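Step one of this worksheet: look at the structure below.
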Amino acid sequence: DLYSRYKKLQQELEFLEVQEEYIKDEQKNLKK
Amino acid sequence: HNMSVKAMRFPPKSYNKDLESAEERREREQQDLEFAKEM
Amino acid sequence: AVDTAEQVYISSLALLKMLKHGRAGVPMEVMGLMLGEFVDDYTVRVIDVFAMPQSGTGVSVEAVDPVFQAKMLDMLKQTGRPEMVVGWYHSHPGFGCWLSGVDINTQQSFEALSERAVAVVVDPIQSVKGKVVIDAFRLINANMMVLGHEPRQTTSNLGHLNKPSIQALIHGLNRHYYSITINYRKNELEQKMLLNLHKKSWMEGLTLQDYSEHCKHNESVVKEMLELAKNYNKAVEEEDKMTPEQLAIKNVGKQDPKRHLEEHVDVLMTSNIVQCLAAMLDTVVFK
Amino acid sequence: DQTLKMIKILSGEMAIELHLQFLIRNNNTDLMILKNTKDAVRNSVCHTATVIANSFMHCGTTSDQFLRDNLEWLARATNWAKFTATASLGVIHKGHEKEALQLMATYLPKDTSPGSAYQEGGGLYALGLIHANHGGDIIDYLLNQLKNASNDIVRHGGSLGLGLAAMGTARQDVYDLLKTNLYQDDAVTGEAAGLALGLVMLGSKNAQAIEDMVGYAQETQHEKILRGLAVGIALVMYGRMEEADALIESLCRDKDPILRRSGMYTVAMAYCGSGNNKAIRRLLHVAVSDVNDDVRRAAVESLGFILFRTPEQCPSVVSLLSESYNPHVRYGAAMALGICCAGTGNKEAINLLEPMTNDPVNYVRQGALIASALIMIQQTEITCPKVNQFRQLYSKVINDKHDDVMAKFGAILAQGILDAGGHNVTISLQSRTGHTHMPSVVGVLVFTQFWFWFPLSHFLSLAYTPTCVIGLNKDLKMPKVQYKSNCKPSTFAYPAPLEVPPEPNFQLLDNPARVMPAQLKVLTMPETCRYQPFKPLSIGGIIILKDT
Amino acid sequence: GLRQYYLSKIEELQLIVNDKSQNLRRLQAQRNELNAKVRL
Ligand SMILES: [Zn+2]
């Protein structure tokens, strides 16, 4: 396939975006 | 100073397990504590 | 029967009563009475606690005067609002928490009155911030221990959540009494009015902090910070040498310049910048 | 006929009694296992654990010998284990109208009248278990007995079984005695009322009833009444994607930890299988900010429910949370794996669950064993080698004296989970169509909450789904097809108990034949038989097999 | 037009993958040392 090669590849940019904010929250929570 | 912070946090890697103490020594601590409680 | 899912609710005031009266006469086992609404078969909500004065000198639990609690029970009746006695307490001071043989007797005098009375132990030494340590108890029948039968018939994953202490396990622990998981009731009406009032400066940062001795104290840190930096010109040079674990055990007799240095850098930094900015706002604000 | 067609396809009995036919014909279980777990005789949870385990491994097969072996160790534990005993019978007789009243003819509440109103009270629970999603005489028969009865010692069983039979049906009739069941001002009616109050209104978003429920759960003092409704107001909204977010925002805005937890659930149900950015930001943030542990545990157990569509992503996010500072997040993390990847033998998820039994906390050792059971049902040594690596492990922990009853409780439960239905039933939160199986979703969601009620997670029968083809040519007539497979015949392995006191790949299969969903692609079509299927055999279930 | 249109989406996105993934790898170990300090 060629069409899924971009849809599923931006899909993990949406999915990937959350985790840096997540560990950004844990970075202060484990301090506190 | 801040660049000497940003380009030096690499080190923390490789090593990955910080064990609590053990499992079998926790069980033996439960047995010896059970014997002190029985005593 | 019970399901070891009893879940005592208490208060936000009675903890303060327990630590104050448990702390004032602390090496003697002080006691008093508990007073709240008795809700359903599972839970109980003890809203108030008043203490009882002692009988005489001696580390024990003395006795209870129903003249005194008859009157004190009626003072709040004709002044505040009626409640019900539900439990009682004493104070193992620096012991932890269990039931002594004296404790189980005066408990046994109270469970015959109401079958769901509550034994409570406060420990006002080993508590620091997150460890208050209370662990309210109640008797189990030794008759069923003679039967060899297991009481209390767990229907909920709520009981076996806190592991019991080894000292109470040495004591009557599971052969004469049981633990009860508790928690607390609070509200923002209280949370704000204790948060906003505990540590509050007033106009103090709008001052100048001993304006001659600020620079003098700044001198009074930098002067020994010089020789401490000379020790930092001493301690680096034994690297490319013996292993850093020996450079860890070996440094337990004499001070290091590193941590002691970065302490004073912080102290000079935050000591200066606050006096600078707070010095400069008043130039704008006052004329 | 076309006149009979509404009964054939809308009552749908010829999958009910025909999967029941597959259960009564196909039964591969063991006595020796419950002989091995028989040895743990003590008056702990163990009685309820065993008598819920045989119901777990004998769903709908009507096999009364693991109960009928004795009466003494059966009825030894009392006062709720007899309630669990009359609970466990309907799962054994699930999906069968006839042997419901006649076998419980001892167990009607007005026949023998013993001192146990639980043994005779919780029957209608099991009648609702048999006739879940089949509303008939179960409604009014299980309703007029609830018009006049005792207190909430039969009303739990009739209420839960009644709303279970009327699950997702929007019925004013059960809603009436659920109104007066709601306004009892009783603590013990809370699980009776708040559960079925949502069950009959599944996916209805009846905002007047929402206003009644959350308007009622703001003033009472008991907590079970604040908990059954905390499930029900989640249950009333289902798959909405935007249509609850003001209410989720309200419940999370409230100071009540139980109600914030209920919001967690509600956002867990309005986003089933949908990988939405809107849910995942706050949802994950609620398990990091909040101070109660319960809302953190439900907050991390929302993730497999919102992300079971792609099971490749939950091991990527939750393994980061297997090492939290609290065993609560370490616990709901493992149950988040156990709800996400349970359909597959995810080698990575088993790899995550390997050290999860090592932790010094008893309940995370427990839920490690529950998730370890859910990951590998109907999987024999060739999907993953860890199966018999863990079969010895459940025995290893159940035969210790020095463990906890809670610690071995996940093992004794995990037995009847692991060998359920004689390797003939399975979990499926998912049809092959892409549509999810919402009674299985309700069954696993309700199955989470065994913390606060033990036969609450007895509601698991709706998750047990077949892996079996059915060949058929008429409405009733069995054909006789014998097709085979092509691929490796060691995939077709069995439990094969040991009972201590040249390789054929042509697996000839009849019409009621079990087949792994991985084995749906490795089979052979019948090309030489007189019968040839007009449908392309990709799904199992039931098909037409055209006589050529 | 799918060559010069569609394939140009792939060469772009991967550059964001390669450094946001790397920032993630730095950041989660940066959690992990502190977490081991906490439980220890
Ligand atoms: Zn004492």
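Residue numbers (PDB author numbering), protein chains in the order written: chain D, 39 to 70; chain V, 487 to 525; chain c, 24 to 310; chain U, 320 to 820, 871 to 917; chain C, 19 to 58. Just so you know, even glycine gets a beta-carbon here, dropped at the ideal spot from N, CA and C.
Query                                                                                                                       : Result
Length-filtered (4 minimum) alpha helix (DSSP H) runs lying within the segment 573 to 612 of chain U                        : 576 to 588 and 596 to 608
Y557 of chain U versus U:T676, U:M757, U:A506 and U:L732, residue with shortest Cα-Cα distance                              : U:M757
The segment 476 to 489 of chain U contacting the segment 457 to 466 of chain U, beta-carbon criterion three pairs below 8 Å : yes
Beta-carbon proximity of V364 of chain U to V724 of chain U, cut-off 8 Å                                                    : yes
Within chain D, partners of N596 of chain U - CB distance below 7 Å                                                         : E52
Below 6 Å from a heavy atom of ligand 2 - residues by beta-carbon                                                           : Ligand 2 is not part of this structure, which contains only ligand 1.
Partner residues on chain C for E58 of chain D, Cβ-Cβ distance less than 8 Å                                                : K38, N41, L42 and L45
Inside the segment 458 to 512 of chain U only - alpha helix (DSSP H) runs reaching at least 4 residues                      : 474 to 484 and 491 to 501
Collapsed DSSP secondary structure at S382 of chain U in the structure displayed                                            : coil
Residue from U:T767, U:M333, U:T676 and U:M797 with nearest C-alpha to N180 of chain c                                      : U:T767
Whole-Å CB distance - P280 of chain c paired with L251 of chain c, under 8 Å assumed                                        : 5 Å
Every unbroken alpha helix (DSSP H) within the segment 717 to 786 of chain U, with a cutoff of 4 residues, ordered by chain : 724 to 737 and 757 to 767
Contact set for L545 of chain U: own chain, Cβ-Cβ below 6 Å, skip 5 residues either direction                               : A536 and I577
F160 of chain c - partner residues in DSSP beta bridges                                                                     : c:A142 and c:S202
Closer than 8 Å to chain V by CB, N677 of chain U                                                                           : yes
Beta-carbon gap between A400 of chain U and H366 of chain U smaller than 8 Å                                                : yes
Residues sharing a beta bridge with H450 of chain U, DSSP                                                                   : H450 of chain U pairs with nothing; no bridge assigned.
First and last residue of the uninterrupted alpha helix (DSSP H) at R514 of chain V                                         : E510 to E524
Own chain partners of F133 of chain c with C-beta closer than 7 Å, once the 5 adjacent residues on each side are dropped    : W111 and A140
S150 of chain c and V156 of chain c closer than 8 Å at C-beta                                                               : yes
Residue nearest to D71 of chain c in terms of C-alpha spacing, selected from c:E60, c:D64 and c:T80                         : c:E60
Enclosing alpha helix (DSSP H) for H283 of chain c [first to last residue]                                                  : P280 to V308
Own chain, CB closer than 8 Å to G81 of chain c, minus 5 neighbours either side, in chain order                             : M51
Alpha-carbon spacing of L284 of chain c relative to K223 of chain c, whole angstroms                                        : 31 Å
Where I70 of chain c falls: helix, strand or coil (DSSP)                                                                    : strand
Reference residue 323 of chain c; option with closest CA among c:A74, c:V297 and c:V67                                      : This structure cannot speak to residue 323 of chain c, because chain c is shown only from 24 to 310.
Residue environment, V288 of chain c, which counts as buried when at least 16 other CB atoms sit within 10 Å                : exposed
Where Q22 of chain C falls, given that 16 or more other Cβ within 10 Å makes a residue buried                               : exposed
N792 of chain U and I913 of chain U closer than 8 Å at C-beta                                                               : yes
Beta-carbon proximity list for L339 of chain U, same chain, < 7 Å, skipping 5 on both sides                                 : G379, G414 and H415
CB contact flag (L656 of chain U, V680 of chain U, <8 Å)                                                                    : no
Selected residue, minimal CA-CA separation from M95 of chain c, among c:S83, c:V108, c:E85 and c:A86                        : c:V108
Contacts that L181 of chain c makes with chain U (C-beta to C-beta distance below 9 Å)                                      : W770 and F771
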